[PDB]
Every structure is written in structure tokens, then in C-alpha cells.
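A.B. asks:
2 protein chains.
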Amino acid sequence: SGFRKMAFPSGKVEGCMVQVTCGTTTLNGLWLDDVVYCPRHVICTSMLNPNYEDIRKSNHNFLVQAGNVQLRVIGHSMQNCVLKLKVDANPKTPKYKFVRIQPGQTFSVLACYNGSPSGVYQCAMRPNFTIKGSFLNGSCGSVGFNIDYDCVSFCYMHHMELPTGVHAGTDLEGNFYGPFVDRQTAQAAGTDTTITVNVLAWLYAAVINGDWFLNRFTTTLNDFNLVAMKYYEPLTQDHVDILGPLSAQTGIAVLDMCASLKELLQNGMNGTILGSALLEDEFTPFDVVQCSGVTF
Amino acid sequence: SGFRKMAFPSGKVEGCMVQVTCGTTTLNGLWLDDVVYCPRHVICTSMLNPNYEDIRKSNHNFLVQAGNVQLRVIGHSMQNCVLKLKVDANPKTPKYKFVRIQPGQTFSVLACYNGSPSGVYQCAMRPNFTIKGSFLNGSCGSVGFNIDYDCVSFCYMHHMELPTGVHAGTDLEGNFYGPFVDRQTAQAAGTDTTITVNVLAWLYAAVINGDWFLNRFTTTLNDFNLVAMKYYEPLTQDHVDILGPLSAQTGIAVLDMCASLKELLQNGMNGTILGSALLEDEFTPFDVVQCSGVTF
Ligand SMILES: O=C1CN(CCOc2cc(Cl)cc(-c3cc(-c4c[nH]c(=O)[nH]c4=O)cn(-c4cccnc4)c3=O)c2)CCN1
Ligand SMILES: O=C1CN(CCOc2cc(Cl)cc(-c3cc(-c4c[nH]c(=O)[nH]c4=O)cn(-c4cccnc4)c3=O)c2)CCN1
Numbered sequence: 001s002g003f004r005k006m007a008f009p010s011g012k013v014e015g016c017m018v019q020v021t022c023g024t025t026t027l028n029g030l031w032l033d034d035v036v037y038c039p040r041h042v043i044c045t046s049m050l051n052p053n054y055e056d059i060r061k062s063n064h065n066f067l068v069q070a071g072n073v074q075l076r077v078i079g080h081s082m083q084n085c086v087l088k089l090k091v092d094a095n096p097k098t099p100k101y102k103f104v105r106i107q108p109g110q111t112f113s114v115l116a117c118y119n120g121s122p123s124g125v126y127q128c129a130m131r132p133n134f135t136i137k138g139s140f141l142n143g144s145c146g147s148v149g150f151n152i153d154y155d156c157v158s159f160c161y162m163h164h165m166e167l168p169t170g171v172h173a174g175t176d177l178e179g180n181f182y183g184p185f186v187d188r189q190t191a192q193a194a195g196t197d198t199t200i201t202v203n204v205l206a207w208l209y210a211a212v213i214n215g216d218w219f220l221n222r223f224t225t226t227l228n229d230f231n232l233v234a235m236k237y239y240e241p242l243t244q245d246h247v248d249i250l251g252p253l254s255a256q257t258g259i260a261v262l263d264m265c266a267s268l269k270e271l272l273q274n275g276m277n278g280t281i282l283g284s285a286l287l288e289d290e291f292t293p294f295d296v297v299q300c301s302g303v304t305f
Numbered sequence: 001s002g003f004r005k006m007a008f009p010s011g012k013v014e015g016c017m018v019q020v021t022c023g024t025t026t027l028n029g030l031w032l033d034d035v036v037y038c039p040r041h042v043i044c045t046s049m050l051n052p053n054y055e056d059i060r061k062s063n064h065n066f067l068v069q070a071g072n073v074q075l076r077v078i079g080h081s082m083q084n085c086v087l088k089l090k091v092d094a095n096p097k098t099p100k101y102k103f104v105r106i107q108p109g110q111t112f113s114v115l116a117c118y119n120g121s122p123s124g125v126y127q128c129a130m131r132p133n134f135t136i137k138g139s140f141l142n143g144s145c146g147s148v149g150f151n152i153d154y155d156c157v158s159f160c161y162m163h164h165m166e167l168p169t170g171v172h173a174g175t176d177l178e179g180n181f182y183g184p185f186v187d188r189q190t191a192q193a194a195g196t197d198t199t200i201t202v203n204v205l206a207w208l209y210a211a212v213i214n215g216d218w219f220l221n222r223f224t225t226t227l228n229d230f231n232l233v234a235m236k237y239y240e241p242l243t244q245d246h247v248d249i250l251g252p253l254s255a256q257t258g259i260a261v262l263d264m265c266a267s268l269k270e271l272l273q274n275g276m277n278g280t281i282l283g284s285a286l287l288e289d290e291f292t293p294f295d296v297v299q300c301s302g303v304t305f
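Residue numbers (the entry's author numbering), protein chains in the order written: chain A, 1 to 46, 49 to 56, 59 to 92, 94 to 216, 218 to 237, 239 to 278, 280 to 297, 299 to 305; chain A', 1 to 46, 49 to 56, 59 to 92, 94 to 216, 218 to 237, 239 to 278, 280 to 297, 299 to 305. A prime marks a further copy of an entry chain.
Structure (C-alpha cells):
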């Protein structure tokens, strides 16, 4: 019983975190096999308008740090906005792949400073391709991940905080989420929306755990999106399908839960669900399927 | 920027989790040096009223499981409600101690099934000595911990879920938090209260991160506890003292923040703080001092 914002165990990722120094700038890097991944803005100084291709550095200009042992850069390259440092092969490398996630998907974040992990928490790729993270200076290079069976699927590396306090970064192959670029120019987070399918999944979690917000109506998929728009991401057929298992375990049809969400949006909560006074949207259907016990 | 429910990295604890089987019952155990700690109710069958001292088992009756390698019990004893299994010495043992925490203190929980970690989350020892955890069957033996410098301070082992859905367990030396006992008899969680000093710490976090709820009044410590009682744990001088650093970093005196909390309790929120629509009370002052960057 209960329901918590739950991160994957961070152990297989702690063994990969390292320090990357270049000049005066130090940030975090990720050590997988003999390659070290980190944000390319680690070669930067001033930054107002860097031409990153601008070839002026040597291998021996990058100091890598794996605890106390110092690593030796033997080759370097740049892939998109990520720097890849070949070094003379981490024994603690797990099974891992790099994946680029869709907005609305969740992951765990291992926040790190000077290559030393500090904490772990959950968050979602918002529909506007920012993440509401928790990051201070020197956190760049912290990564976000999911763990499936025994495989670490890396999906985020932190690069940047925006003026509204949310965060932007890239997949592990260096492609930013959103329209953001790694330079010190004005860039704002776009208008955000609420992740409907995830709110719905969370209502099913509330039901699985034994809880008032239900009602007797239904709605059409179209009529539901009409109301949602007024407050929320349109809900697709594929969303309905994805909510399938949760609907069968609970015997509440997807479109009945939508009618419930409709009412909750129209009348407010009048006073909490799973310990929350607002509609949470950072649990996926997969995340909810914690109520069942999946380990790794 | 940002503020999240943040767990310690769970890596130093994942290396300690094992399986403990006795008869038909399997649960989780903790492997430190050559000793394996687990809930003593693992020797039980029926349970309506066990006399645990009742000596009838052999060493070879306990099957320990460290991944795939099977461990051999060479000695056993019982300390309070925890069983200690001597086995033929975990290479992955960290620096660790056992501490028994005061109510209102927070810790991370590594939820585990069949000795395999499943997830990590934060929670607090409630004033009624329960924890609002997230636990399914087979979670018994999962532990809760804090990490200071490089030392894992274990403070909780899970034993039991109560009918209201909250959870009860022991320190790692087997002493239950609260008046609970490990047998299948009627036992209810007592009336709970809100952890005032932690609400206050969270308001300071809101201020550190740049946020409306402040006002110009003050209050006496006595006058504050008067109002709190009507809604909250009395706030002591020692609490005020503990809030010292946060008050100096922000330039808002403790008793000014209390006046703010007074107003917030009297008038509600009128519509969120740090992404929450209710007054959060599972961050300590220490936890808030994430806004500063402490790693381990
Ligand atoms: O309008 C706007 C205005 N912004 C201007 C600021 O531009 C950038 C661009 C880029 Cl590529 C990176 C950063 C950035 C660098 C560093 C950093 C620098 N040096 C070190 O040695 N260690 C470090 O960690 C840290 N953090 C940061 C701070 C707090 C939380 N999380 C990330 C950055 O955000 C900042 C752009 C967005 N849109
Ligand atoms: O009024 C009341 C009524 N209660 C009656 C129930 O009593 C107990 C007593 C004791 Cl000592 C332990 C449990 C208990 C055992 C097991 C368990 C059993 N066998 C296995 O093989 N694996 C397992 O995990 C699991 N969980 C449990 C379930 C869900 C979440 N987290 C913990 C228990 O809670 C239950 C007492 C409280 N107050």
C-alpha cells in the first residue's frame, strides 16, 4: 500500500560518474567502457556565441577524474552538443543503451557535483521539452535514466538552467530536447501543458490503492478533449490503448475515468488524492504498474 | 534551482540486499560483513500469537541468497524483533552504523522484493511512529537509511503494514518504532500531527528559490504554539535554534516565518508553494540545506 514518487535504484549509474576538467571549468561526465560523455560547453570560456568546431585543444587538455584515480584522455571527438573523451575501460560499466524519449515519459535523475553523486529523484520530460529538475551550479553532466530488467537506458544529460528555473539538456547523443541551444543567449521555455494520460494513470493508482472522485457518467473521446483543451494535452486513441491493463485490473473503462477527470477539472477537489491536493501528472501508466511490484 | 523529494544515492545499500528463506516464507535481508539482518517473523508460520524464543530451528533451516551465489548460515541469534544470521563476509560492505532516529527525521527507503532492489524514495518518521511508505507483500526486510559523508546510517527495517495503509518497523537493532509488536493482532496507528519545524524549513526553501506567503507581522513562540495546536506539533526553542542557518541565509527571523505559517494556516493558500498545494512536512532543515549542494 501507499504511492510515492519512486526513482530506480541509482547504483549502476553511480559507478559511471566522473569529473571532467578543461581549463577553469569542471563539470560531470559519464564513463561507459573506455568513453567519457559530457556537455561540450566544458571547453568554453567567455560562450556569448561559441563556434564549437573551433580544433584548438589537445587530448592532454582534458583532465578526467574517476574518484581519486586520474584518467588519461587518448582521443576526443564531438557528437552534436556532447563531447566524447576516449580514455585508456570502467570495470563498473552496466548493460546500457542510449534512448531519446518522448515528452510525457518519466526518468530518474542522479544529481552530481564534481563527479560525486548527491541525490536521486523522479521527473518527467514536460511537453515543452524542459524538465522541472533540482540542479545547482556544477550539476551539468548529471544524467537521467530508466532501468529495464538489468539495462540502464540513459535518456538525459543536464546542460543548462532556464530563467524560469526549469532545466534543459540533451539525450546522450547530444541532441537537445526542445529548440534550445548551448550558448548564453536569450531562450525561454515555451508554454507548457498537463500530461493527460499520466493524470489518468494516477487516478487508476488512487483506485488500486482503495480510494471518491469517480462518478456514473461517461464521455466521448472527442467531448473529453474539448474540455481538456479548455484547461491539458489532447488524449489520443493510443493513450486509451496504453491505459488498457490499468482499466482491466480496476474494472473502470478508460472513458469512464475521463468523465471523472472532466468532473475533477470542472469542480476542483473541494479539499486530496494519494496525499496530493492537485492533479499529479508525472506518473506514467508504466510507473503505476509500483502498485504491482516490478523489480530490476 | 528547483526543489524535489530527493533520496540519497542507493548504491552502497543495493550491494547489501539479500534473500532470506525459512520454510515457505521469503523476505529481504541485509548483508553487512558476515551477518545478515532480517525481520524475525521470517521463522513464523500460522503468528496469531508467536512465542519467538520458542529454539526449534537449525542453522541449515535458513537459506540465504546473495544474487545467485547461495550463502551458508553458520550461526543464528535473535536481537529484539530482528534475526541475525552469521554466514561464512560481503565484499560490498560500506562504512555504516545503526542509528535510531527521532520522529520528524527523514530517510531514504530502498524497496526490495526477493532481495532485488525495486525503487528508492524519501519519507519521514511520522510523529505517531509510522511511515507513509510504498510497500507490497514481500517487501519486509527493506531498510531505510541516511548517508553522511561516506557512511550509511541505517535507521529502519520494514516489518508490517497497518490497516490504514501506513507502515511500521524497527531500527536495525530490532526495536520497533512506536508501540507496535510483530504479531497478527489488532493494532492501529495513533493520531498523527504535522511536523512544524519541517513545514518551516520548507518555507525557507521556497524563499531560497525565489518565492508571496510572507507578511509583516511577528509572533511570540507561545502565541504561535497556541495557533498551531488548533490545527501541528508544538515548536520548541531547540527547533528555533535548528532553523538558525536558514534564517540567516535568508534574513527572515524564525519567529517571522512562524507568523507567516500562522497566516497560511488561518487563510489557506487561496490557490501553491514549490509546486505543492499543501504544506509539506517531510523536509528537515538539514534536507533543505539540496539548496546548497551537499554531496557524499
Ligand atoms: O535565456 C536564457 C539565458 N541562459 C543563459 C545561461 O546560458 C547557459 C548556457 C549554457 Cl550552454 C550553460 C549554462 C550553465 C552552465 C553551468 C556551469 C558553468 N561552469 C561550470 O564550471 N560549471 C557549471 O555547472 C551551470 N548551469 C546551471 C546552473 C544551475 C543549475 N543548472 C545548471 C548552467 O545553466 C548557462 C540561457 C538559457 N536561456
Ligand atoms: O491491526 C493490525 C493488523 N495487522 C495484522 C497483520 O499482521 C502482520 C504482522 C506481521 Cl509481524 C507482519 C505482517 C506482514 C507480513 C508480510 C509477509 C508475509 N509473508 C511473506 O512470505 N512475505 C511478506 O512480505 C508482508 N506484510 C506487508 C504487506 C504489504 C506491505 N508491507 C508489508 C506484512 O504487513 C502482518 C497487524 C497490524 N495491525
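Beta carbons: idealized from backbone N, C-alpha and C, even for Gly.
Does the count of Cβ pairs from the segment 204-216 of chain A and the segment 71-83 of chain A closer than 8 Å reach three?
C.D. replies: In the pairwise beta carbon analysis, the segment 204-216 of chain A is classified as not touching the segment 71-83 of chain A: fewer than three pairs are separated by under 8 Å.
A.B. asks: Taking Cβ-Cβ distances shorter than 9 Å, what residues in chain A pair up with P122(A')?
C.D. replies: Those within 9 Å of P122(A') in chain A are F8, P9, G11, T304, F305.
A.B. asks: Can a CB atom of chain A be found closer than 8 Å to the CB of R4(A')?
C.D. replies: At least one CB atom of chain A sits nearer than 8 Å to the CB of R4(A').
A.B. asks: Is it the case that the CB of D187(A) approaches a heavy atom of ligand 1 more closely than 7 Å?
C.D. replies: A distance criterion of 7 Å places the beta-carbon of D187(A) in contact range of ligand 1, judged by its closest non-hydrogen atom.
A.B. asks: Within 7 Å: the Cβ of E166(A') and any heavy atom of ligand 2?
C.D. replies: yes
A.B. asks: Taking all protein chains shown into account, do 16 or more other C-beta atoms lie within 10 angstroms of the C-beta of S301(A'), making it buried, or fewer, making it exposed?
C.D. replies: exposed
A.B. asks: Leaving out the 5 sequence neighbours to the left and right, which residues in its chain are closer than 8 Å to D33(A) when beta-carbon positions are compared?
C.D. replies: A94, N95, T98
A.B. asks: Ends of the alpha helix (DSSP H) at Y209(A)?
C.D. replies: Counting along the chain, the alpha helix (DSSP H) containing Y209(A) begins and ends at 201-213.
A.B. asks: With a threshold of 7 Å (Cβ to nearest heavy atom), would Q69(A') be considered close to ligand 1?
C.D. replies: no
A.B. asks: Measure the CB-CB distance between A260(A') and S267(A') and report whether it falls below 8 Å.
C.D. replies: no
A.B. asks: Consider the Cβ of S267(A'): report whether some Cβ of chain A lies at a distance smaller than 8 Å.
C.D. replies: no
A.B. asks: With DSSP as the reference, identify every bridge partner of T190(A), one or two as the case may be.
C.D. replies: DSSP, once it has assigned bridges, lists no residue as partnering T190(A).
A.B. asks: Show which residues of chain A' have a CB atom less than 9 Å away from the CB atom of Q299(A).
C.D. replies: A116, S123, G124, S139, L141
A.B. asks: What does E14(A') reach in chain A if we use C-beta pairs closer than 9 Å?
C.D. replies: Residues of chain A passing the Cβ test: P9, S10, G11, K12.
A.B. asks: Taking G170(A) as the query, report the chain A' residues whose CB atoms sit under 8 Å from its CB, ordered along the chain.
C.D. replies: Going along chain A' in sequence order, the residues near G170(A) (Cβ under 8 Å) are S1, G2, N214, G215.
A.B. asks: Go ahead and label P293(A) buried or exposed: buried means 16 or more other beta carbons lie within 10 angstroms of its beta carbon, across all protein chains shown.
C.D. replies: buried
A.B. asks: Would you call the CB atoms of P241(A') and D197(A') closer than 8 Å?
C.D. replies: no
A.B. asks: Alpha carbon to alpha carbon, how far is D155(A') from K100(A')? Give it in angstroms, no decimals.
C.D. replies: 7 Å
A.B. asks: Using 8 Å as the threshold, is the C-beta distance between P39(A') and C160(A') below it?
C.D. replies: no
A.B. asks: Strictly below 7 Å CB to CB, what residues from chain A' border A285(A)?
C.D. replies: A285, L286
A.B. asks: Closer than 8 Å, CB to CB, is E166(A') near chain A or not?
C.D. replies: yes
A.B. asks: Would you give the residue range spanned by the beta strand (DSSP E) that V35(A') belongs to?
C.D. replies: 35-39
A.B. asks: How big is the Cα-Cα spacing for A194(A') and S139(A)?
C.D. replies: When rounded, the distance between both Cα atoms is 34 Å.
A.B. asks: Can you tell me the Cα-Cα spacing of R4(A') and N228(A), whole angstroms?
C.D. replies: 35 Å
A.B. asks: Quick one: Cα of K137(A') to Cα of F112(A'), how far?
C.D. replies: 12 Å
A.B. asks: Determine the direct distance from the alpha carbon of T224(A') to that of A116(A'), and round the result to whole angstroms.
C.D. replies: 43 Å
A.B. asks: Mark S62(A') as exposed unless 16 or more other C-beta atoms lie within 10 angstroms of its C-beta, in which case mark it buried.
C.D. replies: Sixteen is the threshold: since fewer than 16 other Cβ atoms of the shown chains lie within 10 Å of the Cβ of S62(A'), the residue is exposed.
A.B. asks: Ignore the nearest five residues each way along the sequence and tell me which others in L262(A')'s own chain have a CB closer than 8 Å to its CB.
C.D. replies: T224, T225, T226, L227, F230, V247
A.B. asks: In chain order, what residues of the same chain have a beta carbon less than 7 Å from the beta carbon of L27(A'), not counting five sequence neighbours either side?
C.D. replies: Closer than 7 Å at the Cβ level, and outside the excluded window around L27(A'), lie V20, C38, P39, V42, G143, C145, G146.
A.B. asks: Could you check whether the Cβ of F140(A') sits closer than 7 Å to any heavy atom belonging to ligand 2?
C.D. replies: yes
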